[PDB]
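In: Return atomic coordinates for the entry below.
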Amino acid sequence: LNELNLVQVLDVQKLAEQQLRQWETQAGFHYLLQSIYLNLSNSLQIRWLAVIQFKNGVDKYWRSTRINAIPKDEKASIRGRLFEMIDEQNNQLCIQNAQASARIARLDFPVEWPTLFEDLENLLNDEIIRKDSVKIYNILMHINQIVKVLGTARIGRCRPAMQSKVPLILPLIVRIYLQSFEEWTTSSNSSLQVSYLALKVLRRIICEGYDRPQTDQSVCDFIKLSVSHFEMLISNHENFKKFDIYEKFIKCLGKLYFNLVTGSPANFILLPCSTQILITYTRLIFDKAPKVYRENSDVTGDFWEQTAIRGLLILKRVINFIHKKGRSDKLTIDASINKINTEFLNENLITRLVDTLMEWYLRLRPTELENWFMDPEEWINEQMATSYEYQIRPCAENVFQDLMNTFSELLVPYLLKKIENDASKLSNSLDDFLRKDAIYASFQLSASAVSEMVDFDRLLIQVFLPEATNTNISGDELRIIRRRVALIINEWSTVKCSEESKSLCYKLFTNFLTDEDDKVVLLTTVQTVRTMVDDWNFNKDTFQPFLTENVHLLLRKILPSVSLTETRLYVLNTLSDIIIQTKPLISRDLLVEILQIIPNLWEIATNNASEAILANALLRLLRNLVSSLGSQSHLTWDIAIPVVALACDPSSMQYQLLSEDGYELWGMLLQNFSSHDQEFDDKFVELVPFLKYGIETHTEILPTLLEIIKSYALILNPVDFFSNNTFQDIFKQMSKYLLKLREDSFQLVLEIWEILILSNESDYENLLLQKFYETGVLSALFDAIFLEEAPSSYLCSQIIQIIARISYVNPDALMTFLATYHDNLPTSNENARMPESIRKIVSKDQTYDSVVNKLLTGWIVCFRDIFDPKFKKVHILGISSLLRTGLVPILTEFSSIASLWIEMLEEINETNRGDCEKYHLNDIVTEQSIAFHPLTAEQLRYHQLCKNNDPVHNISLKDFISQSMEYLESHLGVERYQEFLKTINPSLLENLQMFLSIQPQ
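Out: Numbering: from 1, shown residues only. What follows is the structure:
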């Protein structure tokens, strides 16, 4: 079966017939599909279907190594007949075959198809001398896709090989371009499409082909000449032919030059014609500045705008290269500069460019003033994403700032003297007021350069505050200069700017927010206020007068009046930023006001899809309220708990988008909850189950989730906590994967277990222990430390610390469950079978773990590795409380345990209650707070837990030792105890007890 097998098979015909998968993998299927495309006597649609499926099959099975492979015979035949259909003009076939060829070339080039680019070289030789410029066009399309794809190989030597070979192609391509260019320069024929594609391909080949392209002389030749073509195209765009496509080549050539200077300013500059390009674009910038300025995209098109942007961006790349220096590590960077410094970057060009920018490019364009008028809010909504790379005035602002920062060219008098001169004009009629606005714009931009030469503190009160309160100007003129003063304050507040000047500015912007209705001025103000608040040197004290009012105005005027999604987003995030910077001052009334906007906007965000981002912001906001509000944070519950309930609920759409921010909010809600100030709302426990779904999906945030769990361990009772089923299941999983956890979440798990042990006072005679056993915690702890492939003694002590905490509280049950653990172990034979690092050093078919010796003798050796005073004492208390069991093997090692006792007793100097400043080093809570995090309710909960129920700081080591011995004397018979005191080597004990019984004050 063959010919109609891939035709009839194309709901009824698409569904049923479809039994072609059986043929997809056949040795000949793909050459057949290719043949079908090649044979131009088949229906155009049959050919197209065949080439579609053929490219898809290249991707599916081209690789012979993978199953369902195709043989080398078929692959070679196919590879042979890939550029045969260059005689077919149809682009819908040509580009598909080109993608198939590009994929085959990516998979098979430096090996398996080394003749590429040499096959192409002869294709170009054979068709460059041919009427069929159609064949040339299709060859060029295939080269386009092939060069593209091969240039994207970051691995191996495929891309290098291409770079080496494609010089054999470059000159031929150039010839093609040149010929066709000339052809249609003056005639009315339209081979232009071929010249266009040839220039695109040349851009590729130059860029992803040649490192230091200035060294291949043919590339240098072509670039220069293309510059001449560019200049022609420019001057005759203004002359004869007035068509859209007359700009396409200008764009492509600009793109080439720009890609070259971006890829390497050094390689670009060292082009013979680099300065030709630079000066050409500089002349365009200087001479055509009025055309750019007066341009009105809507009526004409943004050609002049875009071309000016292009030239300025090239100049920016160059300026950056000069500002610093940077595969040369010296040679290439020691000459390149100098070429351009002397052949282009002369003083009287840099300053001239500055003048030009100041007059024509920093000026508010007429079109911008017209747009401002009709829809201001959208005029600045577009600028919330001010993409300087697509807008001439922003671009120019940026390039000017780069110029000012790259040189010490204090031409401040040009501003002093152009204030005296050309700003001293009109100021009633617009043009010399807009010029003045551009002058002030230059002052703004140069903030980072001339703060040492300028008394800004003076100027604010001297000049700008007058301007912005001046009552003798149109109203529009007022808006312009007011926006401009706001922007100036913005750039200068983060440099030379007294906090007093900043208070003045806070007042000024409050006045704007109160008075102005122009939304450009309002939003410019908002952004300047924000940036002064997010300033690293933001002295919040100076802003707390204006705080109340400004939050009110953002809440009551701005955020309501704005109706563009991301402007609302900006206002929400500003309010949040302000709250984070001003945690001292906040009123409950203000808090209520903020909470008032929250649910409205939440309704919006969760209903209307396109507003979902706001929800995230809202979460942020609420979160920053909670932690900012602190131990009054429960006031947000009315709103915050429901919000969490919806954002962390894995049944709503919006879980996918909000869950994480929600979980963070939930965390904070618990961390800033103060039982001293409120009853713990029951709902937080009803939410708990959501955690599980997070754990079983976003493991990327598992720490966060664990923190939440930690919070409950510090809030709830152990009765409560261990009753929770979700917490039990989570513990089950953590035990299943304890040693697999990432260190951060591993530590969190152990911390949680430690918090439960401590806070679970003691009354539990089996609650917590029955729960740890039930949920596999107990078993996992011992499984880890008895692994033959032992863990890092550091991590081993991390684990054992938990065991020591337990040992202190009911060591008998510990041992009991050790026994249980022993009974339920695998057989020693089964242990011998198991893999690399899950073999254990104990087994069921074994003694009673050499009477607990394995455990205790390993632990008293870990101890030698311990160094932290606090943790050292935790461990010794574990060991001693274990001694209290009087079990044979434990009791056996009394010699060593008493040696440890003597060691530490001679070391440490404890108080009455057994605390020591050396036990409070890693202590979390102290009087450094204010500069970092003023202490949260949870930090204090934890601190009081440790203070009150952590043996370390309450019990004396001395007392514990003596009372342990008393427990032995009572648990053992005094007969047995006195016997023991001499059964364990009585001479070494004579000695040891000589030192141990030394009990001073």
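In: now residue 656: how far from residue 623?
Out: According to Cβ to Cβ, to the nearest Å, residue 656 and residue 623 sit 19 Å apart. In this view, the C-beta of every residue, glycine as well, is placed from N, C-alpha and C.
In: Neighbour count for these two, which is higher?
Out: residue 623 (23 against 10; other Cβ atoms under 10 Å).
In: Please name the residues that touch the more buried one.
Out: Residues near residue 623 by Cβ atoms under 8 Å, 6 or more residues apart in numbering: 661, 664, 665, 668.
In: would you say the second one is within a strand?
Out: No. Judged by DSSP: H, G, I helix; E, B strand; the rest coil, residue 664 forms no part of a strand; its state is helix.
In: Ends of stretch 327-338, what's the gap?
Out: Stretch 327-338 has its terminal residues 18 Å apart, counting by Cα to Cα, to the nearest Å.
In: Give the buried residues for that stretch.
Out: 332, 336, 337 (16 or more other Cβ atoms under 10 Å).
In: And stretch 565-579, by the same measure?
Out: For stretch 565-579, the neighbour count (16+ other Cβ under 10 Å) marks 565, 567-579 as buried.
In: now do stretch 810-819
Out: Here stretch 810-819 shows 810, 811, 813, 814, 815, 817, 818 as buried, counting by 16+ other Cβ under 10 Å.
In: The fourth one sits in which helix or strand?
Out: Counting by DSSP states H and E, the secondary-structure element that holds residue 814 is helix 811-823.
In: Please state the offset of the helix or strand that comes right after that helix from the chain centre?
Out: Sequence-wise, the next helix or strand downstream of helix 811-823 (DSSP H and E) is helix 828-833. Between the centre of helix 828-833 and the centre of its host chain there is 48 Å, according to Cα atoms, centre = their mean, to the nearest Å.
In: How about stretch 131-149?
Out: On Cα atoms, centre = their mean, the centre of stretch 131-149 falls 40 Å from the chain's centre.
In: For it, list every residue counted as buried.
Out: Those would be 133-149, for stretch 131-149 by 16+ other Cβ under 10 Å.
In: Show me the residues you listed that map onto helices.
Out: 133-149 (DSSP state H).
In: Dihedrals phi and psi, the nearest residue to residue 731 once chain neighbours are set aside?
Out: Excluding its sequence neighbours, the residue lying closest to residue 731 (Cβ to Cβ, 6 or more residues apart in numbering) is residue 775, at 4.1 Å. Backbone torsions of residue 775, given as degrees, to the nearest 10, read phi -90, psi 10.
In: Tell me how many other residues surround residue 775.
Out: As a burial measure, residue 775 scores 20 neighbours (other Cβ under 10 Å).
In: From residue 27, how far out is it?
Out: From residue 775 to residue 27 the distance is 58 Å (Cβ to Cβ).
In: Likewise for residue 595?
Out: Counting by Cβ to Cβ, the gap from residue 595 to residue 27 is 71 Å.
In: Please put the alpha-carbon coordinates of stretch 639-647 into CSV.
Out: Taking Å, rounded to 0.1, in the frame of the first residue of the first chain, the C-alpha atoms of stretch 639-647 are listed here in CSV:
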residue,chain,number,x,y,z
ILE,A,639,-10.3,40.7,55.3
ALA,A,640,-7.1,38.7,55.4
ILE,A,641,-8.4,35.3,56.5
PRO,A,642,-11.0,35.1,53.8
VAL,A,643,-8.5,36.2,51.2
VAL,A,644,-6.1,33.5,52.3
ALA,A,645,-9.0,31.1,52.2
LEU,A,646,-9.5,31.8,48.5
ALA,A,647,-5.9,32.2,47.4
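In: since we're on residue 851, how many residues are nearby?
Out: 15.
In: Which residues are in contact with it?
Out: Contact analysis of residue 851 by Cβ under 8 Å, 6+ apart lists 887, 888, 889, 892.
In: In ChimeraX, select just the buried ones from the residues you listed.
Out: Buried subset of those, written as a ChimeraX selection, criterion 16+ other Cβ under 10 Å:
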select :887,889,892
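In: Return the closest of the contacts of residue 851 with respect to residue 844.
Out: residue 889 (17.7 Å; Cβ to Cβ).
In: Hmm, the closest one is touching residue 853, no?
Out: Yes. Using Cβ atoms under 8 Å, residue 889 is in contact with residue 853, at 4.9 Å.
In: Now do the same contact list for residue 958.
Out: Neighbour list for residue 958: 905, 910, 914, 999 [criterion: Cβ under 8 Å, 6+ apart].
In: Just to be sure, the third one is in a helix?
Out: So the one you mean is residue 914. No. Residue 914: not assigned to a helix; according to three-state DSSP it is coil.
In: That one touches residue 961, doesn't it?
Out: No. Contact between residue 914 and residue 961 fails when scored by Cβ under 8 Å: they sit 10.7 Å apart.
In: Distance to residue 952 for the buried residues of stretch 565-579 - can I get that in TSV?
Out: TSV is the format used below for the buried residues of stretch 565-579 (distance: Cβ to Cβ, whole Å):
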residue	distance to residue 952
565	55
567	55
568	52
569	49
570	50
571	50
572	46
573	44
574	47
575	45
576	41
577	42
578	43
579	39
